[PDB]
Structures are given as C-alpha cells and as structure tokens.
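Residue numbers (the UniProt record's numbering): 80 to 240. Think of the CB as a built atom: it goes at the ideal place given N, C-alpha and C, for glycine as much as any other residue.
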C-alpha cells in the first residue's frame, strides 16, 4: 500500500472527555464518532489538535495523535470517508496563513494515512472536503503570491476507489 503510519493510537480512560473540541461528527452507520480536541469549536485556535474517536456501541474512547518530533503540524478539518476511515486536513499548528494543507484518508484504528489531495504548492491549501459516494468535493484556498494578501477559492471534484 501507498500509506504511512502518520498517527499514533492512544487509548483513553472511560472518564476522559474533550474540553476544547469541535462538535462530534458521527459515522454514517452511527457506530463511531470523531472530533478535534485542543483547538476550540471551529479548530481556529493555535496548537496541535488531537483526533478523538469514540466507539458508540462498545463505549470505547481513543485518540489519534500526529507522530512528529516538533509541534509544527495539526489535524485542521475532519469528516468521514467510510465507516472505518476519516478525511483529514493536516495544516501548520501555528500562524494566521495555515488555514488548510493536505487532505488524507486516515484509518481510525491503525492511524495509517494515504493522500487524497496534495496540491504540491504551499500557496494552494485544501481547507475542507465533502464526500458523496465515489466523489469528493475538495475546497482549495489559492493565494496569488508570497505576500498572502490576496486569495481565491476553488472546488475540485475527485473520483475515488
């Protein structure tokens, strides 16, 4: 596979619960639920956020942490890809320009991640995505130049397997 162990699965106590997270987005089959803890209600606060997952049936709780030596990157936007994987946007943890980045397919159990949309341009950031069947609508924020004073948005529909 063209995947890398980007995330570390860390089990959590039954008493534990997020205190500064985005709203819980349920899985399509309503078996699981996920959110980003550590960056506020809309993940706009600075810092390295953690993806919090909940097995609604078994009442289990765990977190997916970005395996990194320095606290530079963070999950910025998450949504469901299927019943076992998430769509995760990984952006810089600090700064005012870092609204988006690269879109990945992340396994909620193994933390194994594969790219879905990488623009290979730091002036072109994936900010979020919406999936409907085999198609994903990817929003990209394009900055015109290195001054980062002028931007525009794009919608790109990608086909998946």
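Looking from the CA of residue 145, the closest CA among 92, 170, 225, 235 belongs to 170.
By the criterion of a C-beta distance shorter than 7 Å, residue 190 is surrounded in its chain by 84, 85, 86, 87, 88, 143, once the five residues flanking it on both sides are discounted. Taking a contact as a CB-CB distance under 8 Å, the pair residue 140 and residue 95 counts as one, their CB atoms being some 6 Å apart. Ranking 108, 167, 123, 162 by CA distance to the CA of residue 207 puts 167 first. With contacts defined as CB atoms closer than 9 Å, residue 193 and residue 105 fail to qualify as a contacting pair. Listed as beta-bridge partners of residue 144 by DSSP are 87. The C-alpha of residue 160 lies about 12 Å from the C-alpha of residue 111. Going by DSSP, residue 158 is part of the beta strand (DSSP E) stretching over 152-159. Counting along the chain, the unbroken beta strand (DSSP E) around residue 195 starts and ends at 191-196.
Minimum Cα-Cα distance from residue 238 among the listed residues 227, 230, 211 corresponds to 211. By the beta-carbon neighbour count (other beta carbons within 10 angstroms, threshold 16), residue 121 is exposed.
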